[PDB]
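Quick heads-up: it's one chain on its own, the form deposited in one PDB entry, in structure tokens.
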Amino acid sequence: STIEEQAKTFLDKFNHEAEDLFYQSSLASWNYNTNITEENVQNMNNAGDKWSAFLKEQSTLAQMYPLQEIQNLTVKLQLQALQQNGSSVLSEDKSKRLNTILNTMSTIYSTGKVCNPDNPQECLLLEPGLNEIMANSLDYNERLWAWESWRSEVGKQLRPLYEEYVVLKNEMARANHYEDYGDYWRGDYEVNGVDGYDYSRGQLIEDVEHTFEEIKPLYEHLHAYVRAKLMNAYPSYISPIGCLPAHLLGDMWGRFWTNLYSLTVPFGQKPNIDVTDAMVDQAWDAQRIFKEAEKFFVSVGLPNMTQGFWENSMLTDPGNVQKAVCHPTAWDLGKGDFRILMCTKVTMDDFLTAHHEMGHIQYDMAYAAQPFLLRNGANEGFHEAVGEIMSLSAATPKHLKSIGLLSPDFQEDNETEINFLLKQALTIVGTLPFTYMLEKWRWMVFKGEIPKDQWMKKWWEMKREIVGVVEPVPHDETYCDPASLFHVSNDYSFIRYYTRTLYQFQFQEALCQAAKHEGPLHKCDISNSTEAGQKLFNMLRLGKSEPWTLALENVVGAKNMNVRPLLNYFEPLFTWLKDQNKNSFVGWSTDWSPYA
């Protein structure tokens, strides 16, 4: 028998036992998440240990089948999933050190406390606390104190742990035949062997740079608008030809600009569209919200939800003595068990979150027939994009008027469309330069283009050039400001957000074109359109079986990520901003500093 014939038998056996072990692990984790108790932690440790072990033994066994002797490109993907070791290639003396470094560097982040000045007894922690001041206060000095306290007494403790993290993971990177840890991260987007659909690892940097070059002007105009409306609020602290101080952007790190609507609203006399009081005045509940979401999905063309979803799934906070997490998640336990845990309330935000998680569940249901190792999204940005387009389409005034929440007499005026577009832009357009800058900095640090003694100096000059944000106080080579974020201190990738943002609008434009919608793109609903549902399902069915280029081509018609639909979404806002910015300066100079 050939080596390709032997591989299929091993894969069948692996799938059979993997499904059962994974279901046990997921059920234990769910039982703990819906019921906090020490016995549940004990249950959740044993199942995890058994799974991780199993997987290690199978990975060890799957390396006696040479790769250059299998020619189906479907066995090849599963063997590539099993064969990767990654972290076990290092010797035992360094594997323990890496785990200790990661655990300690995570503990320093979670257990963090900025003791305020004078009074020493009072001290404040992130989460409830040093996040409320940055999101709601309006005093320059208070915000600067919070910013600098967090930067100084959480980052210096993490600098001489990241300094070893970098080398100890670069060693693992070239121990698995790579060039650095950045290439290891970028390897998700790599496709080899399928003619007309190859995507190399290095093409991602070029694609990101070329998309940002087109995004830039809209960001510049939004930046100018915010600078004007923000210099209005702070009498004389912001120069009119310079950058923006980093401690007054609405959140600690400036990741989202959404906490500026109260200061940058276009027309402050016209309120937004909130239907919470209407829902309350009709005796709504959780079941009604989820049946409306299911009704929308069935109207599009996708199937209903299984009886298990309605029996074994917790939609309301249990209350009483039971304590459970209330972070909305969508669970795919396997073997036909799909559940949603969400502590929902009667609110429009919960109404949209229901659609988001409902789309997660639908996408999970779509590829249930694929092999075990191919039951995931094509890349790391498709799943959340599919989740987000549903919430995009479910918040339009037309859809709300269809379901009775919004009265028919409501008239869409142009003064509210601009408000909605600005509120959306403060969250979508704002985060893209931040994400791009952070990924480029991490890639250069891992590669070796940034010497060990120029970290912060390079970081802040990039921060000035790309994002237009300037620090209020000077930082030497002792702080570790980028480590101040969950994702840098806990080893997660960050380009997934950029890719998801650019994918969701491509999907939305394709679906709206399939639905014969006329007018602006932001007023589009894909309800009552079976063509759009079929076009979407054609890609949801594939999973990881096909390259993500082909999956994108199935829906959009192109083999690469494109940043024209997003600009088409924000055309009225761009015209309005150009009209409003005819007496100011668009752009910033990287010389002015609030500390002079």
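One rule holds for the numbers: they count along the sequence shown, beginning at 1.
Keep in mind that the form solved in complex with a partner chain is missing from the display, and what follows is about it.
The single contact residue among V556, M44, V563, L550, judged by any heavy atom lying within 4.5 Å of the partner chain in the bound PDB entry, is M44. Of the residues given (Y479, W253, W331, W150), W331 alone sits with a heavy atom within 4.5 Å of the partner chain in the bound PDB entry. Although the partner is absent here, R375 is a contact residue: one of its heavy atoms lies within 4.5 angstroms of the partner chain in the bound PDB entry. Proximity of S26 to the partner chain in the bound PDB entry falls within the 4.5 Å heavy atom cutoff.
The partner chain in the bound PDB entry is not approached by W576, whose heavy atoms all lie more than 4.5 angstroms from it.
Put simply, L567 is far from the partner chain in the bound PDB entry: not one heavy atom of it is within 4.5 Å. Stretch 77-85 is the answer when you ask which of 77-85, 455-463, 427-435, 285-293 has residues with heavy atoms within 4.5 Å of the partner chain in the bound PDB entry.
Contact with the partner chain in the bound PDB entry, defined as a heavy atom within 4.5 Å, is made by all three of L55, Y184 and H327.
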